[PDB]
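The block underneath contains the structure these notes are about, expressed in structure tokens.
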Amino acid sequence: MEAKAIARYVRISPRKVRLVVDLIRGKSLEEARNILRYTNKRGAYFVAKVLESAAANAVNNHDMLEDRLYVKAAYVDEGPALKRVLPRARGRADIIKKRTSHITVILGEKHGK
Amino acid sequence: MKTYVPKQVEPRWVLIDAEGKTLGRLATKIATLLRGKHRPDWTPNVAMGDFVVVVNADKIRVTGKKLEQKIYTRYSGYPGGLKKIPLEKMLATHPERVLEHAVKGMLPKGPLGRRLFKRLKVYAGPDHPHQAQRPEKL
Amino acid sequence: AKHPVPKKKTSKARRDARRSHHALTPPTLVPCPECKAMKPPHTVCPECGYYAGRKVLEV
Amino acid sequence: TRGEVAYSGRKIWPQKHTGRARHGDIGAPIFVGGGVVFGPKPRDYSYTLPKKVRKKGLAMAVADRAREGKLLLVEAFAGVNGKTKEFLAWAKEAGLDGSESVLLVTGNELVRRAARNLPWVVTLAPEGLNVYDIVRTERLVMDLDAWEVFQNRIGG
Amino acid sequence: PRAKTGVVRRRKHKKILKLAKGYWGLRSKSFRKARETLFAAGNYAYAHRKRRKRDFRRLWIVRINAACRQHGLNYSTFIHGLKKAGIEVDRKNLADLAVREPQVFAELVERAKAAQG
RNA sequence: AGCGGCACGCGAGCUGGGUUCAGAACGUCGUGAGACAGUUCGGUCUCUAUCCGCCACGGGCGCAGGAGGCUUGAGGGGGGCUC
RNA sequence: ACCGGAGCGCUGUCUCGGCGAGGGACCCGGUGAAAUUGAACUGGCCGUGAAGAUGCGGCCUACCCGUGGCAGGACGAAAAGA
RNA sequence: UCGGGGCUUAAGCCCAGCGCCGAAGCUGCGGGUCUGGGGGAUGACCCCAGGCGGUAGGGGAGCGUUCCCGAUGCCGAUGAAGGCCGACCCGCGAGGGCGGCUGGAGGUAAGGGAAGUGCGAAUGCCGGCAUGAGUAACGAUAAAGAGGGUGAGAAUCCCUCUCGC
RNA sequence: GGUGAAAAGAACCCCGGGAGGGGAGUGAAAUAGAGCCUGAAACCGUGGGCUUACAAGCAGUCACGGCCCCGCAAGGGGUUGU
């Protein structure tokens, strides 16, 4: 089986979290745990969070056990954003967008035999 | 019908002399063989035109006053860096490079015409590495 | 908004090349002496430790 | 048009070194809610077409129907009073099944009332007999009434 | 009477889209640049119908000659042969038959040879 | 103690002395407003290099076994003076 | 505090520059924009062509992506020529 | 540097003969077309001779939209319109069906009327999203440090030793 | 400006600081999950098929060839070395 986990509508620009997830993109769960908690970011904490909540959904809902669990899929697609107006010298109507992400760790079977 | 296409036939190896030959007409044939243009099995985009090993190109002939008057030019990108070395001195020091570069201006230039210039082995001896066949020509 | 000005739209490919050098690099690790934990190399894991015994205070 | 827009009459931009384009007031079809070019207005598509011409029409209309023979001229009716019933029975007596149509000429409201609600049956009368109506349907019912009536319209 | 600009635009647009799908550039997506590319490609295609014809007749004669060389003499001779000789046909690529079954070829060779002799 | 070219080399490198902005003046023409291949004085020159290029420093693969050290110089670049 | 010429003292204005300090610039974590943008798989030379070429011919050179840095050019952006 | 190489009893020049390449020109085969001519009483239709580069521009034929009449009919729960797709058929073409997926409640033949009728550009109008770029910048050079607290989380909030303007 | 015929608009548990998800359950439909009908185009991205590290280019077209998938064959499709 494969446990679909996610956290839509969360602060953080794609590019960043995108690259944090691909740091772990498909690997052993223990690996994932230690890599997530021990690399210097903040999308680190986020993704580690959604991942823990991924292990949660396969442990008490579907039955598989972490022993045979590995990160299938992962992504992080962008939602909309906020659009905050930031002034500039000479009074330039300037906008700074406030991007937002959708981390999607899935995971499952190790063997099958 | 539909014109025929040769498989991976065998790269026939060949041998030609060098001496007593005009610089000009020499490569002329030579080159035209790197292209399977002598073969009734010529195909534009496939390169099956034989290998040309040459021997003793230390003693190539040429007409004109050439010998001295024939200059070759090389340009290194750095300014003022146009070098010219006469055929005169190209004979004394590394003489193959006058047979090489000659054919090199007698083929096309598409990537293969390069790979094909590779399909030719110049020496100023005779002698070579007797790899196989290389049955003489004229 | 001055002298230097991008003359054309940089290609998504180009984007992905300048990006081809980024790559969120992975860190490295080692296991904790006389316990089960993963500390970074030449460090003192919070709960764990070296040969001396300092800190150790996580509830 | 771009004329009765509740907008403005003011040039929003300066014109020249704006950095942006060159316009004026919002009320312009290029813009958003601004007016349209030549567009929708109140007209009269109708006109005056010769009586003679159209009279032929009237005549020719019935003429075609008569060229076929679908017109009855009963002096009066059997379903005299106002009831869908009796007209239905009479419609058996005329054989006007339930797959025909009545540009239904004759002059007596009671007759119209009965086949007023009927669907296969429009009813039409003679005071304003129009060729479109006979085209779309089939049953100049009547008395000699509407025929006498017709005759006057086209006799010269 | 309102004439909504409707779907027509996106319909024909997706048509051209389908056509130009496969290209590179933003023209592989841009319904505008795509189109321009199609123009180019169509013209290229026509010119290349006529072209392709030339391309091949060329290749043909290349091979033909190669064979006639390996037997007796050169192309121009040979062809003035058939042309004069008798075989008032051949189809130049049916000469390229010559590459397969050299026999019938060589027969034709000696024919054109002994022709104007 | 050469001459010449290179957008009379070089302002997305500097200068801003010359030049022809709006002020003011002297002569000067013009009744005049103003004007002058005349003149005097004053006068805002924009931080972010995207591509080619150019100076240096790496990463990817390559090098048709694998790894450490030593290397031939194909081809360049500097150098050239004078009393 | 207006515009010429001179001298005296003084001095990195110069010969002709050398070092040092901080705040930037550089790397790491968090936030993160602008004008410009036909599309780009964008090299020199010598020719060409609406007379000033990456793109056209000719030749030569060029392993694929950057980072710090330099402004010759892309008739560089800005201002529908004052 | 002659378009480059390379040519010297020539790959240069002069002279003559023979020969082959060769363009969408010309001929051969098949299709579309128009304009003439004929057999067609035959409109249909094959055959025959000649024509079909082409901006402005004048000219003829048609596709698609929106509504209307054709509408008390007709199609739609087995699915109306829009979309996703498609290597099949039709017309040279603008287009048209059919097939599968979506979706959910409308669509309207054949024959005819009518107009805000078909966009790629207007430094066009509104909308949304990339671009440079993880770069510039993160508001004064007065300046910060530790210990303890809280809480999931503190350089950044609270408490005293310090240090500065 | 449009969830749905109806609020039946999601009790319970689970991760989680909440934010949001993951079984259950609500209905024809949750591909109707709450600025939710039908969601097209750019637009960012997850995986797969083809090709790319000695090459000079309006990005295509002609042909040959290989690699990958339907097809009884003979034929078709996608990709790109020359």
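Ligands are numbered from 1 in the order shown, residues from 1 within each chain, and chains are lettered A, B, ... in the order they appear in the structure tokens.
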### Task
Any chance you could list, as a PyMOL selection string, the residues in range 21-122 of chain B that come up strand (DSSP E) when DSSP is run on the backbone?
chain B and resi 51-54+71-75+82-86+120-121
Only N, CA and C atoms, please: the residues just picked out, written as a short mmCIF file (atom, residue, chain, number, x, y, z; two decimals), in the first residue's frame.
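Contents of result_38.cif, freshly written:
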data_model
loop_
_atom_site.label_atom_id
_atom_site.label_comp_id
_atom_site.auth_asym_id
_atom_site.auth_seq_id
_atom_site.Cartn_x
_atom_site.Cartn_y
_atom_site.Cartn_z
N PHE B 51 39.77 3.37 -44.89
CA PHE B 51 40.90 3.99 -44.20
C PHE B 51 42.04 4.37 -45.21
N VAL B 52 42.66 5.55 -45.07
CA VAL B 52 43.87 5.81 -45.87
C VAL B 52 45.10 6.04 -45.02
N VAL B 53 45.91 5.00 -44.94
CA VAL B 53 47.24 5.11 -44.41
C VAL B 53 48.11 5.60 -45.55
N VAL B 54 49.01 6.52 -45.25
CA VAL B 54 49.92 6.95 -46.26
C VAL B 54 51.29 6.64 -45.74
N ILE B 71 53.10 29.51 -48.11
CA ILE B 71 52.91 29.74 -46.67
C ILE B 71 51.56 29.24 -46.16
N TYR B 72 51.62 28.67 -44.95
CA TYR B 72 50.45 28.23 -44.22
C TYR B 72 50.29 29.23 -43.05
N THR B 73 49.05 29.62 -42.70
CA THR B 73 48.84 30.54 -41.55
C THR B 73 48.01 29.94 -40.39
N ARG B 74 48.47 30.13 -39.14
CA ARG B 74 47.67 29.79 -37.95
C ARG B 74 47.39 31.01 -37.07
N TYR B 75 46.14 31.16 -36.64
CA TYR B 75 45.76 32.29 -35.79
C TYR B 75 45.36 31.86 -34.37
N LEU B 82 48.66 36.01 -35.54
CA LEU B 82 48.68 35.29 -36.81
C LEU B 82 50.09 34.81 -37.11
N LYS B 83 50.26 33.49 -37.08
CA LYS B 83 51.55 32.87 -37.28
C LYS B 83 51.52 32.40 -38.72
N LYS B 84 52.60 32.60 -39.46
CA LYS B 84 52.72 31.88 -40.72
C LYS B 84 54.07 31.19 -40.86
N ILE B 85 53.98 29.92 -41.24
CA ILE B 85 55.12 29.04 -41.41
C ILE B 85 55.02 28.47 -42.80
N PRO B 86 56.04 28.73 -43.63
CA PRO B 86 56.12 28.27 -45.02
C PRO B 86 56.07 26.75 -45.13
N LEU B 120 42.23 8.38 -41.51
CA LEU B 120 43.33 8.49 -42.43
C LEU B 120 44.56 8.64 -41.59
N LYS B 121 45.61 7.93 -41.97
CA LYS B 121 46.80 7.87 -41.13
C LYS B 121 48.08 8.25 -41.90
#
### Message
Which residues are near residue 9 in chain B? Cut-off 12 Å, only C-alpha atoms (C1' of nucleotides), ignore same chain within fewer than 6 positions. Put them as a list in words.
### Response
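Counting only the stated atoms, we get residues 36, 39, 41, 42, 43, 46, 47, 48, 49 and 50 of chain B.
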### Message
Taking 4 positions as the minimum chain separation for residues in the same chain, which residues sit within 12 Å of residue 65 in chain B when counting only C-alpha atoms (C1' of nucleotides)? Answer as a list in words.
### Response
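That gives residues 61, 69, 70, 71, 86, 87 and 88 of chain B; 8 of chain H.
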### Message
With DSSP run on the backbone, what are the helix (DSSP H, G or I) residues within chain D? I'd like them as a ChimeraX atom specification.
### Response
/D:51-68,84-94,109-114,131-136,145-153
File of the preceding selection, N, CA and C atoms, as a short mmCIF file (atom, residue, chain, number, x, y, z; two decimals), in the first residue's frame:
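Saved as selection03.cif:
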data_model
loop_
_atom_site.label_atom_id
_atom_site.label_comp_id
_atom_site.auth_asym_id
_atom_site.auth_seq_id
_atom_site.Cartn_x
_atom_site.Cartn_y
_atom_site.Cartn_z
N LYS D 51 -49.93 47.67 -51.14
CA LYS D 51 -51.11 46.86 -50.90
C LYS D 51 -51.23 45.82 -52.00
N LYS D 52 -51.25 46.29 -53.25
CA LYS D 52 -51.37 45.44 -54.43
C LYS D 52 -50.52 44.19 -54.29
N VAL D 53 -49.20 44.37 -54.28
CA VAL D 53 -48.26 43.30 -53.96
C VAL D 53 -48.82 42.38 -52.87
N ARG D 54 -48.91 42.90 -51.64
CA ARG D 54 -49.31 42.07 -50.51
C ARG D 54 -50.72 41.49 -50.69
N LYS D 55 -51.60 42.23 -51.37
CA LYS D 55 -52.93 41.71 -51.64
C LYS D 55 -52.86 40.42 -52.46
N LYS D 56 -52.05 40.44 -53.52
CA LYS D 56 -51.76 39.22 -54.27
C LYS D 56 -51.42 38.13 -53.27
N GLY D 57 -50.45 38.43 -52.40
CA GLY D 57 -50.09 37.57 -51.29
C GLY D 57 -51.31 36.93 -50.63
N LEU D 58 -52.18 37.76 -50.05
CA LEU D 58 -53.42 37.28 -49.43
C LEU D 58 -54.09 36.28 -50.37
N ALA D 59 -54.49 36.78 -51.54
CA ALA D 59 -55.12 35.96 -52.56
C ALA D 59 -54.27 34.73 -52.80
N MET D 60 -53.01 34.95 -53.18
CA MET D 60 -52.16 33.84 -53.57
C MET D 60 -52.03 32.84 -52.44
N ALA D 61 -51.99 33.34 -51.21
CA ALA D 61 -51.93 32.44 -50.07
C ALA D 61 -53.08 31.44 -50.19
N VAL D 62 -54.31 31.95 -50.12
CA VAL D 62 -55.46 31.06 -50.09
C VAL D 62 -55.47 30.24 -51.36
N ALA D 63 -54.95 30.86 -52.42
CA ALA D 63 -54.99 30.29 -53.75
C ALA D 63 -54.25 28.97 -53.68
N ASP D 64 -53.06 29.01 -53.10
CA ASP D 64 -52.28 27.79 -52.94
C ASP D 64 -53.06 26.78 -52.11
N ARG D 65 -53.60 27.24 -50.99
CA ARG D 65 -54.40 26.37 -50.14
C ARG D 65 -55.56 25.80 -50.97
N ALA D 66 -56.17 26.66 -51.78
CA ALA D 66 -57.28 26.27 -52.63
C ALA D 66 -56.78 25.39 -53.78
N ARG D 67 -55.56 25.65 -54.25
CA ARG D 67 -54.91 24.80 -55.24
C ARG D 67 -54.75 23.38 -54.66
N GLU D 68 -54.87 23.28 -53.34
CA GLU D 68 -54.79 21.99 -52.67
C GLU D 68 -56.17 21.50 -52.19
N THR D 84 -65.45 22.94 -25.90
CA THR D 84 -64.42 22.17 -26.58
C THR D 84 -64.99 20.85 -27.07
N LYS D 85 -65.84 20.25 -26.24
CA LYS D 85 -66.54 19.01 -26.58
C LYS D 85 -67.13 19.04 -27.99
N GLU D 86 -68.19 19.84 -28.16
CA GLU D 86 -68.96 19.86 -29.40
C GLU D 86 -68.13 20.19 -30.64
N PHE D 87 -67.13 21.04 -30.47
CA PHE D 87 -66.22 21.31 -31.56
C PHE D 87 -65.38 20.09 -31.87
N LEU D 88 -65.06 19.30 -30.85
CA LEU D 88 -64.28 18.09 -31.06
C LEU D 88 -65.09 17.10 -31.88
N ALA D 89 -66.36 16.95 -31.51
CA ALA D 89 -67.26 16.04 -32.22
C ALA D 89 -67.42 16.49 -33.66
N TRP D 90 -67.64 17.79 -33.83
CA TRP D 90 -67.74 18.36 -35.16
C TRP D 90 -66.46 18.12 -35.94
N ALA D 91 -65.33 18.07 -35.22
CA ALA D 91 -64.03 17.82 -35.83
C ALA D 91 -63.89 16.37 -36.26
N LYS D 92 -64.63 15.47 -35.61
CA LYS D 92 -64.82 14.14 -36.17
C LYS D 92 -65.64 14.29 -37.46
N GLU D 93 -66.72 15.07 -37.40
CA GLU D 93 -67.61 15.23 -38.57
C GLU D 93 -66.93 15.89 -39.78
N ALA D 94 -65.78 16.53 -39.55
CA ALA D 94 -65.02 17.15 -40.63
C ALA D 94 -63.76 16.33 -40.90
N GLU D 109 -67.27 34.63 -32.23
CA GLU D 109 -66.34 34.42 -31.12
C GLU D 109 -66.45 33.04 -30.47
N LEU D 110 -67.68 32.57 -30.28
CA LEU D 110 -67.93 31.26 -29.68
C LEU D 110 -67.11 30.17 -30.37
N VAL D 111 -67.01 30.26 -31.69
CA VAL D 111 -66.24 29.29 -32.46
C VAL D 111 -64.76 29.41 -32.11
N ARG D 112 -64.30 30.65 -32.02
CA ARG D 112 -62.91 30.92 -31.67
C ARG D 112 -62.63 30.42 -30.26
N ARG D 113 -63.54 30.69 -29.33
CA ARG D 113 -63.37 30.30 -27.93
C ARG D 113 -63.08 28.80 -27.78
N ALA D 114 -63.89 27.97 -28.43
CA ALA D 114 -63.72 26.52 -28.41
C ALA D 114 -62.31 26.12 -28.83
N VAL D 131 -50.91 36.40 -44.43
CA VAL D 131 -50.43 35.26 -45.22
C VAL D 131 -49.50 34.31 -44.44
N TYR D 132 -48.70 34.86 -43.53
CA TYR D 132 -47.82 34.07 -42.68
C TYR D 132 -48.60 33.04 -41.87
N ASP D 133 -49.76 33.48 -41.38
CA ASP D 133 -50.61 32.62 -40.58
C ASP D 133 -51.16 31.44 -41.39
N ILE D 134 -51.55 31.67 -42.64
CA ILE D 134 -52.06 30.56 -43.46
C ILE D 134 -50.93 29.64 -43.90
N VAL D 135 -49.77 30.23 -44.16
CA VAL D 135 -48.58 29.44 -44.46
C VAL D 135 -48.27 28.45 -43.32
N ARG D 136 -48.19 28.97 -42.09
CA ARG D 136 -47.81 28.14 -40.94
C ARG D 136 -48.81 27.03 -40.59
N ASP D 145 -68.99 33.83 -44.96
CA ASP D 145 -68.62 35.09 -44.31
C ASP D 145 -67.24 35.62 -44.71
N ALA D 146 -66.21 34.86 -44.37
CA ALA D 146 -64.83 35.24 -44.62
C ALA D 146 -64.48 35.17 -46.10
N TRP D 147 -65.35 34.58 -46.92
CA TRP D 147 -65.06 34.47 -48.35
C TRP D 147 -65.58 35.70 -49.02
N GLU D 148 -66.82 36.04 -48.67
CA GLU D 148 -67.37 37.32 -49.02
C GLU D 148 -66.36 38.38 -48.57
N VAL D 149 -65.85 38.21 -47.36
CA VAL D 149 -64.87 39.13 -46.77
C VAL D 149 -63.60 39.20 -47.61
N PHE D 150 -63.08 38.04 -47.98
CA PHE D 150 -61.89 37.98 -48.82
C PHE D 150 -62.11 38.73 -50.13
N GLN D 151 -63.18 38.36 -50.83
CA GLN D 151 -63.48 38.88 -52.17
C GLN D 151 -63.29 40.38 -52.30
N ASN D 152 -63.73 41.12 -51.29
CA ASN D 152 -63.67 42.58 -51.30
C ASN D 152 -62.23 43.09 -51.27
N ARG D 153 -61.37 42.33 -50.61
CA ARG D 153 -59.99 42.72 -50.45
C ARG D 153 -59.19 42.64 -51.75
#
### Task
Give the residues of chain B that lie within 12 Å of chain E; count only C-alpha atoms, and format the answer as a count of residues only.
19
## Note on the structure
Atom pair CA of residue 10 in chain D + CA of residue 25 in chain D, distance 5.0 Å
#### Entry: Within 9 Å of residue 6 in chain H using only C-alpha atoms (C1' of nucleotides), minus same-chain residues under 5 positions, as a list in words
residues 23, 24, 25, 102, 105 and 106 of chain B; 11 of chain H
### Residues within 12 Å of residue 86 in chain H, only C-alpha atoms (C1' of nucleotides), excluding chain neighbours under 3 positions, as number ranges by chain
E: 18; H: 98-101; I: 77
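Closest approach to chain D from the set H:126, H:7, H:69, H:161 is made by H:126, with distances taken over only C-alpha atoms (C1' of nucleotides).
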### Message
What's around range 56-59 of chain C at 9 Å? Count only C-alpha atoms (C1' of nucleotides), leave out sequence neighbours fewer than 3 positions away in its own chain, and write the answer as a list in words.
### Response
residues 45, 46, 47, 48, 49 and 53 of chain C
### Query
When the cut-off is 10 Å and we count only C-alpha atoms (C1' of nucleotides), which residues of chain C are near chain G, given as a PyMOL selection string?
chain C and resi 1-11+14+16-22
Residues of chain G that approach chain A to 10 Å or less, counting only C-alpha atoms (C1' of nucleotides): could you list each one with the shortest pair of atoms and its distance in Å to one decimal, rows by chain and increasing residue number, as JSON lines?
{"residue": "G:28", "atom": "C1'", "partner": "A:40", "partner_atom": "CA", "distance": 9.0}
{"residue": "G:29", "atom": "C1'", "partner": "A:41", "partner_atom": "CA", "distance": 6.8}
{"residue": "G:30", "atom": "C1'", "partner": "A:42", "partner_atom": "CA", "distance": 8.5}
{"residue": "G:31", "atom": "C1'", "partner": "A:98", "partner_atom": "CA", "distance": 9.9}
{"residue": "G:32", "atom": "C1'", "partner": "A:96", "partner_atom": "CA", "distance": 8.2}
{"residue": "G:33", "atom": "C1'", "partner": "A:96", "partner_atom": "CA", "distance": 6.5}
{"residue": "G:34", "atom": "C1'", "partner": "A:94", "partner_atom": "CA", "distance": 8.0}
Output of the above residues as a PDB file, in the first residue's frame, restricted to C-alpha atoms (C1' of nucleotides):
ATOM      1  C1'   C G  28      25.641  30.186   5.895  1.00  0.00           C
ATOM      2  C1'   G G  29      20.277  30.592   8.106  1.00  0.00           C
ATOM      3  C1'   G G  30      15.170  33.803   7.438  1.00  0.00           C
ATOM      4  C1'   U G  31      12.678  37.365   4.136  1.00  0.00           C
ATOM      5  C1'   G G  32      13.198  38.508  -0.736  1.00  0.00           C
ATOM      6  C1'   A G  33      11.960  43.091  -5.663  1.00  0.00           C
ATOM      7  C1'   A G  34      12.452  46.304  -9.985  1.00  0.00           C
TER       8        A G  34
END
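With CA of residue 46 in chain E on one side and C1' of residue 32 in chain H on the other, the separation reads 17.3 Å.
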### Message
Between CA of residue 20 in chain E and CA of residue 33 in chain E, what distance in Å does the model show, to one decimal?
### Response
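CA of residue 33 in chain E lies at a distance of 9.4 Å from CA of residue 20 in chain E.
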### Query
Could you write out as a VMD selection string the residues of chain D within 9 Å of chain G, counting only C-alpha atoms (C1' of nucleotides)?
chain D and resid 16 to 17 19
### Message
Just want the 12 Å neighbourhood of range 107-118 of chain H, counted on only C-alpha atoms (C1' of nucleotides), with same-chain residues fewer than 5 positions away dropped. Output as a ChimeraX atom specification.
### Response
/D:1,29,35-41,45 /E:1-12 /H:63-71,73-76,80-81,94
### Message
I need the chain H residues near chain A as a ChimeraX atom specification; criterion: at most 12 Å, counting only C-alpha atoms (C1' of nucleotides).
### Response
/H:128-129,133-134,137,139,152-153
Include C-alpha atoms (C1' of nucleotides) and write out the residues we just selected as a PDB file, in the first residue's frame.
ATOM      1  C1'   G H 128      -3.870  36.101 -14.421  1.00  0.00           C
ATOM      2  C1'   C H 129       1.418  34.192 -14.540  1.00  0.00           C
ATOM      3  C1'   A H 133      16.977  35.771  -9.217  1.00  0.00           C
ATOM      4  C1'   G H 134      17.245  32.908  -4.702  1.00  0.00           C
ATOM      5  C1'   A H 137      17.703  45.001  -0.811  1.00  0.00           C
ATOM      6  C1'   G H 139      15.461  52.233   7.074  1.00  0.00           C
ATOM      7  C1'   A H 152       6.173  22.883  20.629  1.00  0.00           C
ATOM      8  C1'   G H 153       9.622  26.380  19.249  1.00  0.00           C
TER       9        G H 153
END
Just need the residues of chain A within 7 Å of chain I, counting only C-alpha atoms (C1' of nucleotides), so spit them out as a PDB file with N, CA and C atoms, in the first residue's frame.
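Everything below was put into out-v1.pdb:
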ATOM      1  N   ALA A   5       0.172  11.499   2.383  1.00  0.00           N
ATOM      2  CA  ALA A   5       0.155  12.568   3.377  1.00  0.00           C
ATOM      3  C   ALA A   5       0.542  13.910   2.779  1.00  0.00           C
ATOM      4  N   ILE A   6       0.062  14.982   3.405  1.00  0.00           N
ATOM      5  CA  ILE A   6       0.144  16.313   2.819  1.00  0.00           C
ATOM      6  C   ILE A   6      -0.151  17.417   3.842  1.00  0.00           C
ATOM      7  N   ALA A   7       0.183  18.650   3.474  1.00  0.00           N
ATOM      8  CA  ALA A   7      -0.184  19.826   4.250  1.00  0.00           C
ATOM      9  C   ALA A   7      -0.366  21.008   3.298  1.00  0.00           C
ATOM     10  N   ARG A   8      -1.586  21.189   2.804  1.00  0.00           N
ATOM     11  CA  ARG A   8      -1.851  22.253   1.844  1.00  0.00           C
ATOM     12  C   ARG A   8      -1.878  23.599   2.528  1.00  0.00           C
ATOM     13  N   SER A  53       3.676  12.900  10.065  1.00  0.00           N
ATOM     14  CA  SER A  53       2.232  12.698   9.921  1.00  0.00           C
ATOM     15  C   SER A  53       1.896  11.749   8.770  1.00  0.00           C
ATOM     16  N   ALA A  56       2.360   8.442  10.501  1.00  0.00           N
ATOM     17  CA  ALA A  56       1.176   8.342  11.349  1.00  0.00           C
ATOM     18  C   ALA A  56       0.008   7.658  10.641  1.00  0.00           C
ATOM     19  N   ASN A  57      -0.180   7.991   9.369  1.00  0.00           N
ATOM     20  CA  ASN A  57      -1.330   7.512   8.611  1.00  0.00           C
ATOM     21  C   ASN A  57      -1.178   6.078   8.120  1.00  0.00           C
ATOM     22  N   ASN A  60      -1.402   3.804  12.135  1.00  0.00           N
ATOM     23  CA  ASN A  60      -2.748   3.601  12.677  1.00  0.00           C
ATOM     24  C   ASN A  60      -3.835   4.060  11.717  1.00  0.00           C
ATOM     25  N   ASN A  61      -4.030   3.292  10.647  1.00  0.00           N
ATOM     26  CA  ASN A  61      -5.126   3.493   9.696  1.00  0.00           C
ATOM     27  C   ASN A  61      -5.104   2.429   8.604  1.00  0.00           C
ATOM     28  N   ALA A  73       6.950   8.955  -3.628  1.00  0.00           N
ATOM     29  CA  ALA A  73       6.523  10.329  -3.924  1.00  0.00           C
ATOM     30  C   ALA A  73       6.808  11.312  -2.769  1.00  0.00           C
ATOM     31  N   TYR A  75       6.653  15.503  -3.604  1.00  0.00           N
ATOM     32  CA  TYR A  75       6.370  16.897  -4.030  1.00  0.00           C
ATOM     33  C   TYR A  75       6.021  18.051  -3.013  1.00  0.00           C
ATOM     34  N   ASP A  77       3.944  21.227  -4.620  1.00  0.00           N
ATOM     35  CA  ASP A  77       3.277  22.214  -5.491  1.00  0.00           C
ATOM     36  C   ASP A  77       2.757  23.509  -4.833  1.00  0.00           C
TER      37      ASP A  77
END
